[PDB]
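*Asks:* Structure provided below as C-alpha cells; questions to follow.
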Amino acid sequence: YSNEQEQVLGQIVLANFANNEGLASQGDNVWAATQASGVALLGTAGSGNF
Amino acid sequence: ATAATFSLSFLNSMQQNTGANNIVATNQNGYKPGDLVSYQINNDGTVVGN
Amino acid sequence: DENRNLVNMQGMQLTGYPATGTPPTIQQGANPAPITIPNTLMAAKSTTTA
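These protein sequence lines map, in sequence, to chains AG, AB and BB. Read left to right, the first sequence gives residues 303 to 352 (the deposited numbering). Read left to right, the second sequence gives residues 253 to 302 (the deposited numbering). Read left to right, the third sequence gives residues 102 to 151 (the deposited numbering).
Rendered as C-alpha cells:
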C-alpha cells in the first residue's frame, strides 16, 4: 500500500496425492480425483512433501 | 521432559605430538523429529525414505 | 541480507563455526550455525591483568 505497508490477502494451497497415474481427465487441462487415487491431502508449498 | 543418562567414549584417541589439539570425530545417535520427504529405491535392492 | 546474514544470490545462508565466549573465540568442533554480522556496540571490560 501507499503508506510503507504490506498486507497479505491469502496463500495458495497445494494438494499432494498418495498415488498419481489414477487421476482421470474430463476434457480441459484439469484432473478429477477418483477411487484408487486417494484423499485430497492439502498442504502448504514451503516444506514437507510439496 | 525426562532427562537421560548417556555413555560417552573417548576411545581411539592419541597423543603423539601432532602440532596442537583438534577434534577429528564426534557422533551420537539422537535426533529431532521430522516427517517423510522422499522415498527412493537403491540399486542394491533396498528402499530408503529420507 | 535485510537482517545481517552472509547470504548468496538466491536466499541461502553460509554457515560456519559459531563464535562464543567473553572474549569470543572459535571452537574447533561445534555443530555449524549461520553467521551474523551484528550492529550492536561493544560493552566495556574491566581490567584484570596488567
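Note that CB positions come from ideal geometry on N, CA and C, so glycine has one too.
If you check the beta carbons only, do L343(AG) and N322(AG) fall under 8 Å apart?
*Replies:* As a first step, residue 343(AG) is located in the first sequence; it is residue number 41 there, counting from the start. As a first step, residue 322(AG) is located in the first sequence; it is residue number 20 there, counting from the start. No, the Cβ-Cβ distance between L343(AG) and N322(AG) is not below 8 Å.
*Asks:* Does the beta-carbon distance from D296(AB) to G350(AG) come in below 8 Å?
*Replies:* Against the second sequence, residue 296(AB) aligns to sequence position 44. Against the first sequence, residue 350(AG) aligns to sequence position 48. No, the pair does not count as a contact, with Cβ atoms beyond the cut-off.
*Asks:* Rounding to the nearest angstrom, what Cα-Cα distance links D102(BB) and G112(BB) in this structure?
*Replies:* Here residue 102(BB) refers to the residue found at position 1 of the third sequence. Here residue 112(BB) refers to the residue found at position 11 of the third sequence. Approximately 8 Å between the Cα atoms of the pair.
*Asks:* Taking the alpha-carbon of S265(AB) as reference, which of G271(AB), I275(AB) and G282(AB) has the nearest alpha-carbon?
*Replies:* Within the second sequence, the letter at position 13 stands for residue 265(AB). Of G271(AB), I275(AB) and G282(AB), the residue nearest in Cα terms is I275(AB).
*Asks:* Could you spell out the range, first to last residue, of the beta strand (DSSP E) harbouring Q292(AB)?
*Replies:* Sequence index remark: in the second sequence, residue 292(AB) carries index 40 (1-based). Note, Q292(AB): beta strand (DSSP E), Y291 to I293.
*Asks:* Is the CB of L288(AB) under 8 Å away from at least one CB in chain A?
*Replies:* Included in the structure are the protein chains AG, AB and BB, with no chain A among them.
*Asks:* Quick check on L260(AB): does DSSP put it in helix, strand or coil?
*Replies:* Position 8 of the second sequence, counting from 1, holds the residue named residue 260(AB). Coil, per DSSP.
*Asks:* Measure the Cβ-Cβ separation of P135(BB) and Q114(BB) and say whether it is below 8 Å.
*Replies:* In the third sequence, the residue the question calls residue 135(BB) occupies position 34. In the third sequence, the residue the question calls residue 114(BB) occupies position 13. Result yes, Cβ atoms of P135(BB) and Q114(BB) sit closer than 8 Å.
*Asks:* With DSSP as the reference, identify every bridge partner of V299(AB), one or two as the case may be.
*Replies:* On the second sequence, position 47 is the one that residue 299(AB) refers to. Beta-bridge pairing links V299(AB) to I293(AB).
*Asks:* Spatial neighbours of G345(AG) within its chain, please: C-beta separation below 8 Å, excluding the five flanking residues on both sides.
*Replies:* Position 43 of the first sequence, counted from the start, is the residue given in the question as residue 345(AG). Here the set comprises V315, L316, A317, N318, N351 and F352.
*Asks:* With H, G and I counted as helix, E and B as strand and the rest as coil, what does DSSP make of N281(AB)?
*Replies:* Residue numbering aside, residue 281(AB) sits at position 29 when the second sequence is read from its first letter. Looking at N281(AB) - three-state DSSP - the assignment turns out to be coil, as it is neither helix nor strand.
*Asks:* Please report the distance separating the alpha-carbon of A338(AG) from that of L325(AG).
*Replies:* As a position in the first sequence, residue 338(AG) is number 36, starting the count at 1. As a position in the first sequence, residue 325(AG) is number 23, starting the count at 1. The alpha-carbon atoms of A338(AG) and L325(AG) are separated by roughly 9 Å.
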